[PDB]
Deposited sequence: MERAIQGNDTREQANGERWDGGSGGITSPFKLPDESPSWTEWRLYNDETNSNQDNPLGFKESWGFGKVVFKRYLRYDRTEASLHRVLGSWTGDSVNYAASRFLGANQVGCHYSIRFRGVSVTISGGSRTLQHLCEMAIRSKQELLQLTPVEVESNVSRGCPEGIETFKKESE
């Protein structure tokens, strides 16, 4: 069965990908490692008070194989350029080719920032279009005028 690309095994490994260093060798769509803060650093930051957070959460799904990232974002132009490099059409299509094939599945990209979530979703045979819409939506959300 070629449906190890979808079996719960690769699913758990894709979820574990966020925290390990790719342990087991699972290919990821992201080009930068996770930066999610600790409970204590998160608790301490939240002093004044949901606005201007530490960063944003994004994820790429290929069927039920979901990868997640939390990246720091200081709302500066330099930081914007840094976090916009967390993934690219190339890195997504490369990673997607490891979990797609035969029957079409649903793919999605999701990003949350300042209490606003954007999800681009569709069939795996439209992935290139998802990427183009995903990168453009990521720019606007992170630069959304307050």
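Residues of the deposited sequence lacking C-alpha coordinates, counted from 1, fall in the stretches 50-52, 150-172.
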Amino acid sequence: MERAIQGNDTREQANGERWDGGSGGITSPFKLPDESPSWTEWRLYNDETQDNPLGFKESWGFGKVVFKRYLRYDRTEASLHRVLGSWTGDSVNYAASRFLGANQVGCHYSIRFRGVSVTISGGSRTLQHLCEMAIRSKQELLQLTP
From here on, numbers count along this sequence of modelled residues.
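Of the two segments examined, 55-63 and 102-110, it is 102-110 that shows the higher average Cα temperature factor in the deposited entry. Annotation for 136-144 versus 3-11: the higher mean temperature factor (C-alpha) is found in 3-11. Looking at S86, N46, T27, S36, the one whose CA carries the top B-factor in the deposited record is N46. The PDB entry assigns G122 a C-alpha temperature factor belonging to the lowest third of its chain's modelled residues.
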